[PDB]
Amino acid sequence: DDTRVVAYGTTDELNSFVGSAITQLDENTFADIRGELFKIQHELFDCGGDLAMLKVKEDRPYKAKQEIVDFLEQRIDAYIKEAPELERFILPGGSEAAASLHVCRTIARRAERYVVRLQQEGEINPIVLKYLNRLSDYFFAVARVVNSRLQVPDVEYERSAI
């Protein structure tokens, strides 16, 4: 079975798409968000290492800790506040930068599904699962802020309502 290897592979894949997304973001307009995304990459590197550990050991604790989840939650609340109230369902995209963040959103969910599957097979750091779960919410929230700061509409499913 290869669920563990696929899980840390998929967190690595996510990390690579985060790298691409950063490059879409102007340094001045998104200095906050760019800093967060670099932080997230560091954290995804730690999550991958944690996933690769078959059993956590005395001399080798998990690196991914609760604080990283708490931070995402703080930023999500901030970005929901910043963006216009959501009136309709959102289709991914708008600005190239927002689009790249929606890709990160969906790939986070893919990584999550694999960690859920791993958890069913054996021991994981539960922080990694919680982190990936919140990341999709984070990427959704910042994508909307990115469109907002760039003065472009989110793409909406027409005539829908939340």
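The first residue of the sequence shown is number 1, and the count goes up from there.
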I need to verify one thing: averaged over C-alpha atoms only, is the B-factor higher for 48 to 56 or for 33 to 41?
48 to 56
Got a sec? Mean C-alpha B-factor, which is higher, 58 to 66 or 105 to 113?
58 to 66
Quick one: classify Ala161 as lowest, middle or highest third of the chain based on its Cα B-factor.
highest
Per the entry's values, where does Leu91 land by CA temperature factor relative to the rest of its chain, in the lowest, middle or highest third?
lowest
Using the B-factors in the PDB entry, rank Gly19's C-alpha atom against the chain and give the third, lowest, middle or highest.
middle
Determine, from the deposited record, the chain-internal third of the Cα B-factor for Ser100: lowest, middle or highest.
middle
Would you please rank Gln120 by its C-alpha temperature factor against the other modelled residues of its chain and give the third it falls in: lowest, middle or highest?
highest
